[PDB]
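Next up: a single chain in structure tokens, the form deposited in one PDB entry.
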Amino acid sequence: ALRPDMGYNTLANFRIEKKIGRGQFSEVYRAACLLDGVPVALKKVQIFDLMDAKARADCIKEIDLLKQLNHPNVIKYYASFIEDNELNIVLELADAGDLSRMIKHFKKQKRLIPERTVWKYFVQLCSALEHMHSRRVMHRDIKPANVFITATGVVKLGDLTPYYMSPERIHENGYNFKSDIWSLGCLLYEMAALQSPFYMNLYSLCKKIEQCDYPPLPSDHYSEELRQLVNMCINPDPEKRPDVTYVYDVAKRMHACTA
């Protein structure tokens, strides 16, 4: 039964329409908020059957930080709450596809993504990430499949064996902001090459990374600007990588003067 005072924080205020995903830790549904008709993704997690006191604190503290985020290029966290012995996370529905599939399209058509199109999407992604960093929140899982795109071409940085392993993460050092920058650079490269720069185990990956053993992007399709931005973002040394604000400023310049 409906509970109007409860907003997005109770299952009674949602109607489940379809199971749309199965995760390793969760099951994901499409649903509608009965109060305003807004469609949403609803995750249900058995955190009591998989987590411990400490983990639940970390996860829940993190989710609560995430709900404060508010930006057009970042998946919105409307609510989270314990109910039926489960963590329920209510998220902005991002239903139309993602960067991983866009890249498959181009591969299938045997075409590269024009530089202009790369910037069109990358600049939105930078916008998303600068918002997060400005709020002192690290994303932690930047990868093409986690970069949703609406039917209208809007980037939606999705909800936080990882796809892009940074050197500090490979060696179990702390993830931090420069680690997001590393992923961001790998993603820019992947948009331009249609493959990860380091496309195979962690030792050989470490080797490759320390020696920049990745194939160069073709200079006849991609500007020095695009290629240098990749180069500096995936520098093995975190201190050599630029902050997100510098990356964003280039993306905006390049988006402006290629469109």
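All residue numbers refer to positions in the sequence shown, first residue = 1.
J.: Are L160 and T161 truly consecutive in the deposited sequence, or are residues between them missing coordinates? Give the number as none, 1 to 3, 4 to 9, or 10 or more.
T.: Count of unmodelled residues in between: 10 or more.
J.: Is there a break between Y199 and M200, and how many deposited residues does it span: none, 1 to 3, 4 to 9, or 10 or more?
T.: In the record, 1 to 3 residues between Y199 and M200 lack coordinates.
J.: Using only the Cα atoms and their B-factors as the entry lists them, report which of 185-193 and 144-152 averages higher.
T.: Stretch with the higher mean C-alpha B-factor: 144-152.
J.: Going by the B-factors listed in the PDB entry, is the mean over the C-alpha atoms higher for 31-39 or for 49-57?
T.: Result: 49-57.
J.: From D180, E92, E172, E130, pick the one with the largest CA B-factor in the entry?
T.: Going by the entry's C-alpha B-factors, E172 comes out highest.
J.: Highest Cα B-factor in the PDB entry belongs to which of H105, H139, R136, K120?
T.: Result of the comparison over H105, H139, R136, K120: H105.
J.: Quick check on the deposited entry: does the C-alpha B-factor of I16 sit in the lowest, middle or highest third of its chain?
T.: Its C-alpha B-factor belongs to the middle third of this chain's values.
J.: Would you check the entry's CA temperature factor for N9 and let me know if it's in the chain's lowest, middle or highest third?
T.: It falls in the middle third of the chain.
J.: Can you work out whether the C-alpha temperature factor of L217 puts it in the lowest, middle or highest third of the chain?
T.: According to the entry, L217 has a C-alpha B-factor in the chain's middle third.
J.: Thinking about Cα B factors across the chain, which third does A79 belong to?
T.: Answer is lowest: the recorded C-alpha B-factor places it there.
J.: Looking at the C-alpha B-factor of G23, is it in the lowest, middle or highest third of its chain?
T.: Highest third.
Just so you know, the form solved in complex with a partner chain exists too; it's not on screen, but the next bit is about it.
J.: Contact with the partner chain in the bound PDB entry for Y121, defined as at least one heavy atom pair within 4.5 Å: yes or no?
T.: Yes, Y121 lies within 4.5 Å of the partner chain in the bound PDB entry.
J.: Residue-level contact is defined here as any heavy atom of the residue lying within 4.5 Å of the partner chain in the bound PDB entry; does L194 satisfy this criterion?
T.: Although the partner chain is absent here, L194 would touch it in the bound PDB entry, with heavy atoms inside 4.5 Å.
J.: Using a 4.5 angstroms cut-off on non-hydrogen atoms, would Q109 count as touching the partner chain in the bound PDB entry?
T.: Yes, contact at 4.5 Å.
J.: Would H171 show up as a contact with the partner chain in the bound PDB entry if we use heavy atoms at 4.5 Å?
T.: Residue-level check for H171: no, no contact with the partner chain.
J.: Go through 174-182, 161-169, 138-146, 89-97 and give me the stretch that gets within 4.5 Å of the partner chain in the bound PDB entry, heavy atoms only.
T.: Within 4.5 Å of the partner lies stretch 89-97.
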